[PDB]
Amino acid sequence: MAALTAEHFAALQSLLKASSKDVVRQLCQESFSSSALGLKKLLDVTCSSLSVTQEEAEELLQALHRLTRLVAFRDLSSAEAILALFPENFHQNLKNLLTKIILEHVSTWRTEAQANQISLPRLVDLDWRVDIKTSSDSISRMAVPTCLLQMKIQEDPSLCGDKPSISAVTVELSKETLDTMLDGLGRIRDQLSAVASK
Amino acid sequence: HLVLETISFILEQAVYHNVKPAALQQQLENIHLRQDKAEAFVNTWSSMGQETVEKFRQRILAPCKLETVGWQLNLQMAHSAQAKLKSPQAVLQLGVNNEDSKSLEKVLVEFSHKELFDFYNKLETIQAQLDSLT
Amino acid sequence: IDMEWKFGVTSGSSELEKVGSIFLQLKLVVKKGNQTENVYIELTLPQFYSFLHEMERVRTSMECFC
Amino acid sequence: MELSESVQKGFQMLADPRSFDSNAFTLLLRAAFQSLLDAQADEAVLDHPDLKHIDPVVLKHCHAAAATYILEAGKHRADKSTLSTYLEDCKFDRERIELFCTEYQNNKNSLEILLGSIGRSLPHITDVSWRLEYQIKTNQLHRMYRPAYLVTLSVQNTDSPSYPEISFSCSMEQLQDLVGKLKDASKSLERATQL
Amino acid sequence: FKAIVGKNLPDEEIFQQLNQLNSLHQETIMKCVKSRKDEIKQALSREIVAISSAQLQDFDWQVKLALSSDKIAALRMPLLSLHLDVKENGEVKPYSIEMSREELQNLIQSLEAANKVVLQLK
Amino acid sequence: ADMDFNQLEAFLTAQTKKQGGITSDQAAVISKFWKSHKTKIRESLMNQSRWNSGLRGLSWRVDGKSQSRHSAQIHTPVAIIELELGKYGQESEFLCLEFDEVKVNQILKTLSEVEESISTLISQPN
Amino acid sequence: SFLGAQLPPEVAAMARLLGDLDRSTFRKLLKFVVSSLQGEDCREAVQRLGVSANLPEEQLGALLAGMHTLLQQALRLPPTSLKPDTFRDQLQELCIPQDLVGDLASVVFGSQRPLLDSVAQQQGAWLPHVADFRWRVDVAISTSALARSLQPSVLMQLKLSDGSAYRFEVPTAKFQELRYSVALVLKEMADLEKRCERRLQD
Amino acid sequence: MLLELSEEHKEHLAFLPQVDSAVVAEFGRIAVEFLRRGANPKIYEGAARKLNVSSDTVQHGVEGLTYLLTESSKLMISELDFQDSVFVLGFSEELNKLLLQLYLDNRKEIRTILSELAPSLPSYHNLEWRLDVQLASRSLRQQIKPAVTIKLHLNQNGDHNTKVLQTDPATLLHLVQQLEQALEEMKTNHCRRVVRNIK
Amino acid sequence: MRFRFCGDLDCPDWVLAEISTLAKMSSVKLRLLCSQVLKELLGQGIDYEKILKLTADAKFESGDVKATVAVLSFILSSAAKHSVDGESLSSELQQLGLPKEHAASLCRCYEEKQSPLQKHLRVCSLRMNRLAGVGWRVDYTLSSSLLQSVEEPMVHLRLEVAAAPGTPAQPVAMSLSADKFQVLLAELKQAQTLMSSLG
Amino acid sequence: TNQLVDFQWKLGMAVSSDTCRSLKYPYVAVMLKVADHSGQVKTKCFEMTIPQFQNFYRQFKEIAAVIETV
Amino acid sequence: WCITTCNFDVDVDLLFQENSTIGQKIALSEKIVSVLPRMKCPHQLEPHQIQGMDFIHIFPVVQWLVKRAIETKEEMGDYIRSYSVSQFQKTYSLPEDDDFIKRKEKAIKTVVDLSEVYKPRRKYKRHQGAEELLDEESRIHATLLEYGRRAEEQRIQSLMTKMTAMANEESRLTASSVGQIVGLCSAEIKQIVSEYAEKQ
Amino acid sequence: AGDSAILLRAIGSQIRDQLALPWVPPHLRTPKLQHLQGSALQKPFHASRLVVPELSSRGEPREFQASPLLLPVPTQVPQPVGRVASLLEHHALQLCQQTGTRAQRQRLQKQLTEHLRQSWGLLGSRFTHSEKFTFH
């Protein structure tokens, strides 16, 4: 995360124009969460609430987005560290108010950011059925157990485009295949019962 | 074919464990392999195995790799809407290997000078994160 | 028909300097008639143990009937 | 221009003084044009109180006959001499021949604009833009020092799935070649005006 | 309505299926059958053609005269453009085909052979 | 024409009884060839004239459902059917369907209606 | 002349039409030309102006085409290269009425100009740009092939202004090559700027 | 300006003075043959046995020599700067003169190969055109609608692509006007100074 | 200056340049070279071995050969494009400075192949598509689940369409009701009547 | 896996083609309508010869016999 | 044509003859006489002498221009020949062109292989203190010094003093990942191990 | 020919009228210039099946047709371009129908039936290695 600038802090002075502390609080919370497209929507929301110019509102949302994520990225654990980020000429009551808001949310921010990391597609749900196969077109009678494994999987919607973000795949396992992968996955479990690897 | 698969499986286990030479000798005799074959394994593993273990370590488990980097530097002189320009432009080409398809995809990106410095500052953050691990 | 896996820790990210999140990646190779497909799935630490706990129930019911 | 036996019988009933008076003929004829050209699908277009005495099976049959002849006459660019010939064949009187021509002439331009709007076509180029760059270096080659042009065409058609811009690059020789082709094409339009 | 028309049911068997409805609803439905039977039957026949991988939904055509090209200045070649809308996999796909005088003659000559067989059945 | 022996030999005979015509022995060779090939040629012409999908194979199995993740005890059987389809000269698709004991019998009666349609049409000339 | 060596036919046609045109209508048209340059759809407003002025569509098209060309060619010139005195002189050689010249000059040089410059600079792009760049840094502890790996890598995700997006993994030997390449190009941009300022600017 | 030979690159080239210049001439031949056609490792074990050195010694020397020629051609380094670069290596005038000729003999051909590596933009190949008048349609039976049918052929990655397009007459007159102004720019005093000074 | 074979335009500068390269051959081998290029324009292939074998007379380098074949192809194609006669071509090539013997030779080969050239150039003229063939099957429907007895014919069409020469035809396959088929055939016959009025 | 929403059939004769004046062979054409995950419904059609139908119909009678005695 | 071919650092704007009348030819004659001394043309010429066209006197002027033009094409390349060849390649291909297209890919492979063998690799690592951030140029220079790609010498040496040597190409950890595993996950590992004991 | 001479003379004067008007930027084009310069949208030919009254209708079918339940025929399609295309193709089929052996037809249908009877009457890695070696 890049540092802030006097232009961004001047945009934060627009919060002195803002109508209430919770409006500031709202803009802080949403600007952390908001995407760029969300920032266009939030820009309309900001202009409607503040009635400041679109330039002031956009720079303000940019300044809060940059400021909040800078703290979250560094994980500044105290007011003293946060306050050092602000310039000495800033409006002290607003600067102190922002520090209070930032302290409350920062714990939530690291939790929310940690969930939304980039990854390979995530497992959403897992279901299974065991059947015994009893007959087929080619064997009159059988008694072979089988597992059907059903997994529901989600990909980042920005990578999906036309396709749906979530899909399901079935996978069939014989116990021979099942036993092979139970060994493979068991290795990792043994090496965490004591809290570090073998 | 079975013999080649059997030899592969023996060497695959040696990579996974990263077996020391003397331990490998005993395991070969434990499957009742003859002494000359067991010694032949130990010699061949000794030099070549360490390079092979490193080559396995660099393997990636992902559908796509970055494969190639390439760039061209240009000077803008004019376009239909402005005359008398003197702007450095960079084109970056990233070659991404999609091993699911065995096909390489070439991604082209324009940068202005300010945009390329912003990109540089992010790479400098990644390097500091990497440097924190050592 | 095949499975490959990678067990790791996320040390840092673009949103947080320090993270420390354990993950498991699986590659499943699935025969679909004449052709095969690769399915990539990432599991969190809680998901891995829930997954392993279920697949051990599967084993048990595959070993007894009626 | 050919017309089915169904259409001809509808006109033979419009030609009657008994079935339709001169008033009802005018009102049905106007309803015919309206139902062709109005964007509102006015289901009550035939509910004129002066039409109410006509058998609704006959009324709705002659209305579709009229509209069908209007579209066929329009498509085939029918002149008043053609219209008047066919109407007199259907035994129309001189007053109703005048009435039909008056309504047709009033609507002719709107009908022809409608008929001409139906179709599919190729993607239509609408604009062009260009960039001039001087090529300096590659990570494999220094002192390139050659100009290149970066050209974009803007296309504006939706008759088939398409992307709105076509981008390509030209050297000096390639752009000089391209311009010569387009001027060769333009010189052929000029020749065609001498026909 | 699809079921009773497709099966060519007798009126008495339709009445017996309507025994539970209000008398005006019974009478309404019988009247709808008598007035619309032939129109519904044609809709079914159209749906039987859709038991196929692709169907021609609509077509259009244009006649044009080519006056010149980069190859030859006194070209004066008539061409037909035929546009097809083909419904497949629940989607409509646009196709276009361009024909000279001789290609159009071969096309029409082939469809006239098909039409001769159609008219032995139709 | 898909000629029968009377048509085949009459046509070939007319070809023999003309200037530069084939010999009767050549026609006999052609007839012997055509006897075996007639079966193969006819079926090839069917494939050439078909550009909808065709049935390439049917396969099925029946399973006893016993337990699932949540349903600790199941017993109702199920039929699983794989249907292989393709167009001439193209790669096969596989369609896989699952049926309970009720839907198996609903489909079975639907096929019995096809057979009874055929039987009527060929009995109507009686 | 800023119009090039030979006068474009649409500009010559427009310049003779201006003698008949009320200045009120000229200033109404000029707003539509300027706003179209800023990318605003004006087709319906132009049509209303047409019937209001009783201009046939053949004359609207000639006027609008000629005004667009004149402004396009002037606004593409830097303030070092077209200036109010020479612009006004050159337009009088077209016999444009002097009051209309003053209106045209106010568009090219007045407070409208900075927004027009911003729109004109957007058109130099031809390839897509980086819209977002995210990463995570991971260490592999174990793998199917190795009981202990301990090998870092960077997973990267790019979003481009094209609306395309890519997620791919970078070996650390490949990250070093990428980082080197980007710093090298930045040195060579700065060297090229110094060549230009000391030889092309004088 | 000068070549900055890395210490490993120097250590590979140090094999060159260890053998007769007639063998270095053979290394020069096979080096440029690999650039021209592709490398074939089967020769390295042959020269190894002939010279009583390891195959890696032959490989390192020859692949180091190819890189010397490639980097010189990339830079288009002058004969004077080339010598000032090479004299960091200690070997004698006969080998220094051999290498200089081997560079100047081949730099223009190598630079042609090196030009193929650049980022692969789509580019113009050819254009076809046809003047069509539409005279009738299914819906309307007499018309004159002139259009220019255009077929644009493009290259990318060595693969040809084609696009079929349309213009009206007045748009075609606009297209020529704009791309004539494009060609006129290279004649302006601004672009003349760039070509004159950025060299 | 304007020339008929240039299309009532002044001569291109690259053409006027390379006309001076034609004068460098003997008149006897300039005529032989015309035959090789003209064969290629007629689709009969090209013999690069013969082209190179005879142009060794003038000691052409491969850049001369490329420019020579290019200018002969331009002259012959563009005269045939505009239906210029060999009498005009000879006179107006001489205006550009081609020697009178070279002018002669070049035009007595054009005079022999002028007519087959124009027939080939019409075949090569821009096409969007070509109809390569038609296939059809007629079916009769007996009964259905959806309608107890149907008893209607149905048609299947397959149209082979070629986008470019030397490529396999794309099949367009579709099914039609007998009503849709009847209206399609009737519409194509109306189009054909209009076509026949034009040519 | 997939589930049948509907089943339809038609019986017809192939009468004539451009290559073969007398085809005159019967077929059964089946349309299957199937629901995917999340209920997306699609259709698939295929032809059978009359011998193929008899086999197809015969095997479903085997399925119905085993499914009772499973 | 010779003047514009030379590009001799003058704002040469002038028009070709176009078979123009008197008037245009006179204005051009003044411009030519104006350009010649700025090109340092050794031979003088006069506008009236252009109209009378004294070949005897104009000949040395042409000798200057022709000699300078030839020299400039010999370094810059002949454009019209490159156009002629481009018209060939659009539809024709010599046997040597087909050969080059055949072997192109295997040749290209050899140079990307050499580029990997001799790639720059990170020799030094800079200290995190004494922030170099004060300008873009010294940050970018410091980065390139990490790959050895070096008051110019004094700038390097003061920058190089902020660095430490290196010896490894891949950042493989000495099992220090336990520190970040345990220090942040272990409480979650203890919860999960406890719950998946209790559930069974 | 006089007829083709009249056509070519009409063609040439149309091209003049189009060349005489400049290109106008798409955001400024009024509807006339949208048609000439190709930024108007054409609509595809799409036909819907109509219901028409029948004069010979009697009984219950007539009682339907005589009522507001049968809409006026062109108004049965919402859009004028589809409304035009529907009437055009409806009238085209009527011409095909009205412009178009019983022993021959019965014979063919009996020939088809015999073929149906004759057709029916035939009824009358380390992972896979670990599995193979240690879990198979």
# chains A, B, ... in the order shown; residues from 1 in each chain; ligands from 1

$ residues_around --residues "residue 129 in chain D" --least-positions-apart "4" --cutoff "12 Å" --atoms "only C-alpha atoms" --output "tab-separated table (two decimals) with N, CA and C atoms, in the first residue's frame"
chain	number	residue	atom	x	y	z
B	78	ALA	N	2.54	11.40	-32.75
B	78	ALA	CA	1.28	12.07	-33.03
B	78	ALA	C	0.17	11.04	-33.04
B	79	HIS	N	-1.06	11.52	-32.94
B	79	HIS	CA	-2.24	10.73	-33.26
B	79	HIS	C	-3.30	11.67	-33.83
B	80	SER	N	-4.40	11.08	-34.28
B	80	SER	CA	-5.45	11.85	-34.94
B	80	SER	C	-6.02	12.98	-34.08
B	81	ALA	N	-5.84	12.95	-32.76
B	81	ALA	CA	-6.38	13.99	-31.90
B	81	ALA	C	-5.34	14.91	-31.26
B	82	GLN	N	-4.05	14.60	-31.34
B	82	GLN	CA	-3.01	15.52	-30.89
B	82	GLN	C	-1.78	15.40	-31.76
D	125	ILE	N	-18.41	-0.04	-41.42
D	125	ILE	CA	-17.36	0.84	-40.90
D	125	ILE	C	-17.88	2.26	-40.80
D	149	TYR	N	2.48	2.66	-37.57
D	149	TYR	CA	1.14	3.22	-37.42
D	149	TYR	C	0.22	2.21	-36.75
D	150	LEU	N	-0.59	2.69	-35.81
D	150	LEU	CA	-1.54	1.86	-35.08
D	150	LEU	C	-2.95	2.32	-35.41
D	151	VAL	N	-3.68	1.51	-36.18
D	151	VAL	CA	-4.92	1.92	-36.83
D	151	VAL	C	-6.08	1.19	-36.17
D	152	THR	N	-7.19	1.89	-35.95
D	152	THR	CA	-8.42	1.30	-35.43
D	152	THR	C	-9.60	1.72	-36.29
D	153	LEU	N	-10.39	0.74	-36.73
D	153	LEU	CA	-11.65	0.97	-37.42
D	153	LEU	C	-12.81	0.79	-36.45
D	154	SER	N	-13.78	1.70	-36.51
D	154	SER	CA	-15.00	1.59	-35.73
D	154	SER	C	-16.12	1.07	-36.62
D	165	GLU	N	-14.65	-2.68	-32.64
D	165	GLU	CA	-13.44	-2.06	-33.15
D	165	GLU	C	-12.46	-3.10	-33.65
D	166	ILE	N	-11.83	-2.80	-34.79
D	166	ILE	CA	-10.80	-3.65	-35.39
D	166	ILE	C	-9.50	-2.87	-35.36
D	167	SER	N	-8.49	-3.42	-34.68
D	167	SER	CA	-7.21	-2.76	-34.49
D	167	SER	C	-6.10	-3.54	-35.17
D	168	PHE	N	-5.24	-2.84	-35.90
D	168	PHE	CA	-4.09	-3.46	-36.54
D	168	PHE	C	-2.99	-2.41	-36.70
D	169	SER	N	-1.77	-2.87	-36.94
D	169	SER	CA	-0.62	-2.01	-37.12
D	169	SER	C	-0.11	-2.05	-38.56
G	120	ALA	N	-9.13	14.42	-25.68
G	120	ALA	CA	-8.20	14.13	-26.77
G	120	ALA	C	-7.02	13.28	-26.33
G	123	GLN	N	-7.36	9.28	-26.33
G	123	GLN	CA	-7.42	8.55	-27.59
G	123	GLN	C	-6.07	8.02	-28.05
G	124	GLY	N	-4.99	8.30	-27.31
G	124	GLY	CA	-3.69	7.73	-27.64
G	124	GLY	C	-3.54	6.27	-27.29
G	125	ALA	N	-4.36	5.77	-26.38
G	125	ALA	CA	-4.32	4.36	-26.01
G	125	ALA	C	-4.82	3.47	-27.14
G	126	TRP	N	-4.17	2.32	-27.30
G	126	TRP	CA	-4.51	1.38	-28.36
G	126	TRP	C	-4.55	-0.06	-27.85
H	174	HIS	N	-14.10	9.72	-46.38
H	174	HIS	CA	-13.56	10.07	-45.07
H	174	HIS	C	-12.36	9.21	-44.70
H	175	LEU	N	-12.44	7.90	-44.95
H	175	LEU	CA	-11.33	7.00	-44.63
H	175	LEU	C	-10.04	7.39	-45.34
H	176	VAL	N	-10.11	7.72	-46.63
H	176	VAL	CA	-8.91	8.11	-47.36
H	176	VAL	C	-8.35	9.42	-46.82
H	177	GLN	N	-9.21	10.39	-46.54
H	177	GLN	CA	-8.77	11.68	-46.02
H	177	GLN	C	-7.98	11.54	-44.72
H	178	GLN	N	-8.47	10.71	-43.80
H	178	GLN	CA	-7.83	10.57	-42.49
H	178	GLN	C	-6.47	9.88	-42.59
H	179	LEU	N	-6.39	8.79	-43.36
H	179	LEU	CA	-5.15	8.05	-43.52
H	179	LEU	C	-4.17	8.68	-44.50
H	180	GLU	N	-4.60	9.65	-45.30
H	180	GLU	CA	-3.66	10.53	-45.98
H	180	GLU	C	-3.02	11.53	-45.02
H	181	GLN	N	-3.79	12.07	-44.09
H	181	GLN	CA	-3.23	12.90	-43.02
H	181	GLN	C	-2.27	12.12	-42.13
H	182	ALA	N	-2.49	10.83	-41.94
H	182	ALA	CA	-1.53	10.00	-41.23
H	182	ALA	C	-0.18	9.99	-41.93

$ closest_atom_pairs --of "chain H" --to "chain G" --cutoff "7 Å" --atoms "only C-alpha atoms" --output "Markdown table"
| residue | atom | partner | partner_atom | distance |
| --- | --- | --- | --- | --- |
| H:193 | CA | G:200 | CA | 6.5 |
| H:194 | CA | G:200 | CA | 6.8 |
| H:197 | CA | G:199 | CA | 6.5 |

$ write_last_selection --atoms "N, CA and C atoms" --output "short mmCIF file (atom, residue, chain, number, x, y, z; two decimals), in the first residue's frame"
data_model
loop_
_atom_site.label_atom_id
_atom_site.label_comp_id
_atom_site.auth_asym_id
_atom_site.auth_seq_id
_atom_site.Cartn_x
_atom_site.Cartn_y
_atom_site.Cartn_z
N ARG H 193 12.59 16.08 -37.15
CA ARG H 193 13.59 16.21 -36.08
C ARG H 193 13.79 14.93 -35.29
N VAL H 194 12.71 14.20 -34.99
CA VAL H 194 12.84 12.92 -34.30
C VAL H 194 13.72 11.97 -35.09
N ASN H 197 17.32 13.30 -35.04
CA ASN H 197 18.05 13.42 -33.79
C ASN H 197 18.04 12.16 -32.93
#

$ interface_residues --of "chain J" --to "chain E" --cutoff "8 Å" --atoms "only C-alpha atoms" --output "ChimeraX atom specification"
/J:9-10,16-18,29-31,42-46

$ residues_around --residues "residue 58 in chain J" --least-positions-apart "3" --cutoff "12 Å" --atoms "only C-alpha atoms" --output "MDAnalysis selection string"
(chainID A and resid 137) or (chainID F and resid 58 108:109 111:112 115) or (chainID J and resid 51:55 61:65) or (chainID L and resid 123)

$ write_last_selection --atoms "N, CA and C atoms" --output "PDB file, in the first residue's frame"
ATOM      1  N   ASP A 137     -26.143 -54.378 -17.839  1.00  0.00           N
ATOM      2  CA  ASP A 137     -26.378 -54.966 -19.156  1.00  0.00           C
ATOM      3  C   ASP A 137     -25.501 -56.175 -19.454  1.00  0.00           C
TER       4      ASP A 137
ATOM      5  N   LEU F  58     -26.317 -48.166 -26.103  1.00  0.00           N
ATOM      6  CA  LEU F  58     -27.034 -48.054 -24.838  1.00  0.00           C
ATOM      7  C   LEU F  58     -26.379 -48.935 -23.782  1.00  0.00           C
ATOM      8  N   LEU F 108     -41.064 -47.253 -20.045  1.00  0.00           N
ATOM      9  CA  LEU F 108     -41.361 -48.542 -20.657  1.00  0.00           C
ATOM     10  C   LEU F 108     -42.730 -48.567 -21.329  1.00  0.00           C
ATOM     11  N   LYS F 109     -43.756 -48.006 -20.686  1.00  0.00           N
ATOM     12  CA  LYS F 109     -45.063 -47.934 -21.339  1.00  0.00           C
ATOM     13  C   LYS F 109     -45.060 -46.995 -22.541  1.00  0.00           C
ATOM     14  N   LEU F 111     -42.599 -46.609 -24.672  1.00  0.00           N
ATOM     15  CA  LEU F 111     -42.076 -47.413 -25.772  1.00  0.00           C
ATOM     16  C   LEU F 111     -43.077 -48.451 -26.260  1.00  0.00           C
ATOM     17  N   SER F 112     -43.919 -48.975 -25.372  1.00  0.00           N
ATOM     18  CA  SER F 112     -44.948 -49.915 -25.801  1.00  0.00           C
ATOM     19  C   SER F 112     -45.984 -49.252 -26.698  1.00  0.00           C
ATOM     20  N   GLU F 115     -44.554 -49.357 -30.305  1.00  0.00           N
ATOM     21  CA  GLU F 115     -44.768 -50.666 -30.915  1.00  0.00           C
ATOM     22  C   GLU F 115     -46.216 -50.867 -31.351  1.00  0.00           C
TER      23      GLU F 115
ATOM     24  N   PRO J  51     -34.787 -51.850 -36.108  1.00  0.00           N
ATOM     25  CA  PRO J  51     -34.054 -52.814 -35.267  1.00  0.00           C
ATOM     26  C   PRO J  51     -33.453 -52.217 -34.005  1.00  0.00           C
ATOM     27  N   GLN J  52     -32.937 -50.989 -34.075  1.00  0.00           N
ATOM     28  CA  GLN J  52     -32.388 -50.334 -32.891  1.00  0.00           C
ATOM     29  C   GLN J  52     -33.454 -50.049 -31.840  1.00  0.00           C
ATOM     30  N   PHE J  53     -34.638 -49.600 -32.260  1.00  0.00           N
ATOM     31  CA  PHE J  53     -35.743 -49.418 -31.322  1.00  0.00           C
ATOM     32  C   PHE J  53     -36.098 -50.713 -30.603  1.00  0.00           C
ATOM     33  N   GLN J  54     -36.239 -51.807 -31.350  1.00  0.00           N
ATOM     34  CA  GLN J  54     -36.566 -53.091 -30.741  1.00  0.00           C
ATOM     35  C   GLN J  54     -35.556 -53.493 -29.673  1.00  0.00           C
ATOM     36  N   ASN J  55     -34.267 -53.241 -29.910  1.00  0.00           N
ATOM     37  CA  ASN J  55     -33.256 -53.512 -28.890  1.00  0.00           C
ATOM     38  C   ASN J  55     -33.387 -52.559 -27.709  1.00  0.00           C
ATOM     39  N   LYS J  61     -37.018 -53.412 -20.807  1.00  0.00           N
ATOM     40  CA  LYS J  61     -37.778 -54.482 -20.169  1.00  0.00           C
ATOM     41  C   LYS J  61     -36.917 -55.334 -19.242  1.00  0.00           C
ATOM     42  N   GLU J  62     -35.614 -55.434 -19.509  1.00  0.00           N
ATOM     43  CA  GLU J  62     -34.704 -56.099 -18.578  1.00  0.00           C
ATOM     44  C   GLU J  62     -34.477 -55.271 -17.318  1.00  0.00           C
ATOM     45  N   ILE J  63     -34.311 -53.959 -17.474  1.00  0.00           N
ATOM     46  CA  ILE J  63     -34.168 -53.061 -16.331  1.00  0.00           C
ATOM     47  C   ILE J  63     -35.364 -53.173 -15.395  1.00  0.00           C
ATOM     48  N   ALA J  64     -36.574 -53.174 -15.954  1.00  0.00           N
ATOM     49  CA  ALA J  64     -37.777 -53.290 -15.137  1.00  0.00           C
ATOM     50  C   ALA J  64     -37.870 -54.628 -14.417  1.00  0.00           C
ATOM     51  N   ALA J  65     -37.287 -55.684 -14.980  1.00  0.00           N
ATOM     52  CA  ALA J  65     -37.309 -56.983 -14.315  1.00  0.00           C
ATOM     53  C   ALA J  65     -36.322 -57.069 -13.155  1.00  0.00           C
TER      54      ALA J  65
ATOM     55  N   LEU L 123     -38.706 -59.015 -36.444  1.00  0.00           N
ATOM     56  CA  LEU L 123     -39.130 -59.512 -35.141  1.00  0.00           C
ATOM     57  C   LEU L 123     -40.010 -60.750 -35.254  1.00  0.00           C
TER      58      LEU L 123
END

$ interface_residues --of "chain C" --to "chain F" --cutoff "8 Å" --atoms "only C-alpha atoms" --output "count of residues only"
4

$ interface_residues --of "chain B" --to "chain C" --cutoff "9 Å" --atoms "only C-alpha atoms" --output "list in words"
residues 61, 62, 63, 100, 122, 125, 126, 129, 130 and 133 of chain B

$ atom_distance --atom1 "CA of residue 126 in chain K" --atom2 "CA of residue 162 in chain K"
5.5 Å

$ residues_around --residues "range 19-32 of chain B" --least-positions-apart "2" --cutoff "10 Å" --atoms "only C-alpha atoms" --output "PyMOL selection string"
chain B and resi 10-11+13-17+34-35+37-43+45-46+49

$ interface_residues --of "chain K" --to "chain I" --cutoff "6 Å" --atoms "only C-alpha atoms" --output "PDB file with C-alpha atoms, in the first residue's frame"
ATOM      1  CA  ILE K  80      11.335   2.443 -52.940  1.00  0.00           C
ATOM      2  CA  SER K  84       8.888  -3.198 -54.383  1.00  0.00           C
ATOM      3  CA  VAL K  85       9.933  -6.189 -52.261  1.00  0.00           C
ATOM      4  CA  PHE K  88       6.463  -9.356 -53.984  1.00  0.00           C
TER       5      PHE K  88
END

$ residues_around --residues "range 148-158 of chain I" --least-positions-apart "5" --cutoff "7 Å" --atoms "only C-alpha atoms" --output "MDAnalysis selection string"
(chainID E and resid 6:7 118 121:122) or (chainID I and resid 134:143 171:178)

$ select_by_dssp --residues "chain F" --states "alpha helix (DSSP H)" --output "PyMOL selection string"
chain F and resi 5-16+24-48+101-123

$ residues_around --residues "residue 7 in chain K" --least-positions-apart "3" --cutoff "9 Å" --atoms "only C-alpha atoms" --output "list in words"
residues 192, 193 and 196 of chain H; 3, 4, 10, 11, 12 and 72 of chain K

$ write_last_selection --atoms "N, CA and C atoms" --output "compact mmCIF listing (two decimals), in the first residue's frame"
# COMPACT_ATOMS: atom_id res chain seq x y z
N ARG H 192 10.37 14.99 -38.58
CA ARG H 192 11.69 15.09 -39.20
C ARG H 192 12.80 15.25 -38.17
N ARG H 193 12.59 16.08 -37.15
CA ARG H 193 13.59 16.21 -36.08
C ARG H 193 13.79 14.93 -35.29
N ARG H 196 15.79 12.69 -37.34
CA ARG H 196 17.12 13.28 -37.48
C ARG H 196 17.95 13.15 -36.20
N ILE K 3 16.94 17.72 -52.19
CA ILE K 3 16.88 18.47 -50.93
C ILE K 3 16.17 17.68 -49.84
N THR K 4 14.92 17.27 -50.09
CA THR K 4 14.16 16.57 -49.06
C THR K 4 14.80 15.23 -48.69
N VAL K 10 17.10 21.60 -41.69
CA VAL K 10 16.47 22.87 -42.04
C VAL K 10 14.97 22.64 -42.15
N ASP K 11 14.19 23.66 -41.77
CA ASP K 11 12.74 23.61 -41.89
C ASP K 11 12.32 23.77 -43.35
N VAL K 12 12.81 22.87 -44.20
CA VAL K 12 12.58 22.93 -45.64
C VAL K 12 11.12 22.61 -45.96
N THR K 72 23.12 9.92 -48.24
CA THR K 72 22.07 9.79 -47.23
C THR K 72 21.23 8.53 -47.42

$ closest_atom_pairs --of "chain K" --to "chain H" --cutoff "6 Å" --atoms "only C-alpha atoms" --output "Markdown table"
| residue | atom | partner | partner_atom | distance |
| --- | --- | --- | --- | --- |
| K:103 | CA | H:37 | CA | 5.8 |
| K:106 | CA | H:38 | CA | 4.9 |
| K:107 | CA | H:38 | CA | 4.7 |

$ write_last_selection --atoms "C-alpha atoms" --output "mmCIF file, in the first residue's frame"
data_model
loop_
_atom_site.group_PDB
_atom_site.id
_atom_site.type_symbol
_atom_site.label_atom_id
_atom_site.label_comp_id
_atom_site.auth_asym_id
_atom_site.auth_seq_id
_atom_site.Cartn_x
_atom_site.Cartn_y
_atom_site.Cartn_z
ATOM 1 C CA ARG K 103 13.471 -23.252 -39.744
ATOM 2 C CA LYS K 106 13.995 -23.891 -34.081
ATOM 3 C CA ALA K 107 16.308 -20.901 -34.595
#
